[PDB]
Each structure stands twice: as structure tokens, then as C-alpha cells.
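The data below hold one chain only, encoded as C-alpha cells and taken in the form solved without the partner chain.
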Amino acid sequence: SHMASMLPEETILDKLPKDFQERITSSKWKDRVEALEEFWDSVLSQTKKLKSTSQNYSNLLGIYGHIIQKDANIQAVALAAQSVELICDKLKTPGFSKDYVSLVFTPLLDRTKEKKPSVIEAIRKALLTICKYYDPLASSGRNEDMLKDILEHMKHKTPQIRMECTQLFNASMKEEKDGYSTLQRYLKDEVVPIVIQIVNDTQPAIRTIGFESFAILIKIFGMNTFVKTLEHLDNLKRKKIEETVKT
């Protein structure tokens, strides 16, 4: 006698094998991967909607975060990233809390140093999903901590990290449809200085991402507000950016 017809919520914490803790902390690579893969194949991969109430996902997410941050086996890293992505996407907000985010966000940003296609793709997907539910550019300003973390990684000494994190930031700018106010507050004093460094990088792959960043910024705020910055860049780079705005 009610109006809603909803998808039932599911639980997964009760389905973690009793030897999960033991296997996930084993020195043997196969022990960790089998534990991760079996839980993924039989439980997580088929999950459609997760229950938040009285379900404390911190331990599990903490385990995944630790793996992403320190595991020497990139296959275990990929599996952990895939698992985190799933939990965030099926629990959504407010269930997947900022406390939960803290257990996995920096680890993922740090691990963007990985180059193996399948591994970095898994890390990328988890980061994009987390940023979808917790928009770093949120006008509320609630996620500026995440924004600062991303901006800091865009200045990382490791080229792969600068590139991947700048691409993540670009995705956030392109996906934004709920207010540009926060992005604008960070624009001239924090964002532009970093994008300029990316655009002037000696590596062409990095410069390309930088041109994309500036082009996106121009499509959002307009050309006029960046005239001073653009006029200071090398003539060739300015032209590259203008051309990218069209593409």
C-alpha cells in the first residue's frame, strides 16, 4: 500500500571469507590475488545496490587502500581499484562517506605512477567514479580538500602522475554542470600557474594534456579572462591552445 517499488539493497561484508584477512596479508602473491579475485568474481562484480545502514565498510576499503598504496603486485592493485570503484558506485552517497574516501583517494592518486595499461585503466576508473560522487569542484566547497590533492599531484615530480592527474582534473571540468564558482575561485591563483607548467613541459604527451586543460578553461570562462596568460606563452603554444579550443 505504498508508492515506491525499489531495488532491494544488498550486503557484502557478511560474505567476506573468514580467511580473507589472513590471505590478504599473506606474503605470497597468489594468496592475495586469489582472495581479491574470488571476492570480486563471486560477490562484488554482481552487486547492484549496497546497504549503508549498520554496514561499516572501513576495514575492507582500508585493506583495498593499503593494497593500492603499497602492494608490489600491480595485479592486486588493479583488483583493489576495481573493487573500490564498485563499492563507491553501488553504495553511492551518503553511504560512501568522506571518511571512506580518505582511505582510498590519495592512494589512488599516488598510484597513477603505474604504466601498465590494464592497471592504470583500473586506477583511472576508480578515480573518475569517486570524483563523480564527490565533485572536487563542488560549489559547496565541501570537496576542496580533494581538489587540492589533485592540484598537488599535478605538480608531482613523477611525469606519469602529473599527466594522469591533470587528465582527471580535466574530466572534472568537462563533467561540471552544477556550478563553476569553486573552479573560478581556484582559477587564477592555483590552477592557471600549474597548467602553465604542464603546457611548458619538455614532454609532448604532457604538453598535449596541458593544451586540453587550457582549451577547456577557455570554453568555460571565455578567452578574454586569459589574454594576459596567453600573451605570455610562446607564440606556438598559444596557437596550439586556440586550435584545440576549436577541436
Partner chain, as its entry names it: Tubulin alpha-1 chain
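Positions refer to the first chain, counted from 1.
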remark   = With B-factors read from the PDB entry, the higher C-alpha mean of 20-28 and 233-241 is in 233-241
key: Residue range whose averaged C-alpha B-factor is higher in the record, 29-37 or 209-217   = 29-37
request  = Please pick out which of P159, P94, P136, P107 has the largest Cα B-factor as recorded in the entry.
outcome  = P159
ask   = Looking at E164, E175, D99, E85, which has the highest CA B-factor as recorded?
value = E175
key: For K48, the third of its chain into which the C-alpha B factor falls   = middle
request  = Would you please rank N170 by its C-alpha temperature factor against the other modelled residues of its chain and give the third it falls in: lowest, middle or highest?
outcome  = lowest
note = Among the modelled residues of its chain, the C-alpha B-factor of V119 falls in the third labelled highest
task = Taking the chain's C-alpha temperature factors as the reference, tell me which third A76 falls into: lowest, middle or highest.
result = middle
query = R185: which third of its chain by C-alpha temperature factor?
reply = lowest
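Missing here is the form deposited with the partner chain bound; even so, the following discussion is about that form.
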inquiry  = If we define contact as a non-hydrogen atom of the residue within 4.5 angstroms of the partner, is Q197 a contact of the partner chain in the deposited complex?
reply    = no
message = With a cut-off of 4.5 Å between heavy atoms, is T202 one of the residues that contacts the partner chain in the deposited complex?
response = yes
request  = Although the partner chain is absent from this view, report whether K239 comes within 4.5 Å of it in the deposited complex, heavy atoms only.
outcome  = yes
task = Evaluate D234 for contact with the partner chain in the deposited complex, applying a 4.5 angstroms cut-off between non-hydrogen atoms, and reply yes or no.
result = yes
query = Picking from 45-53, 203-211, 174-182, 216-224, which part of the chain touches the partner chain in the deposited complex when contact means heavy atoms within 4.5 Å?
reply = 203-211
key: Within 4.5 Å of the partner chain in the deposited complex: residues from 81-119 (heavy atom criterion)   = none
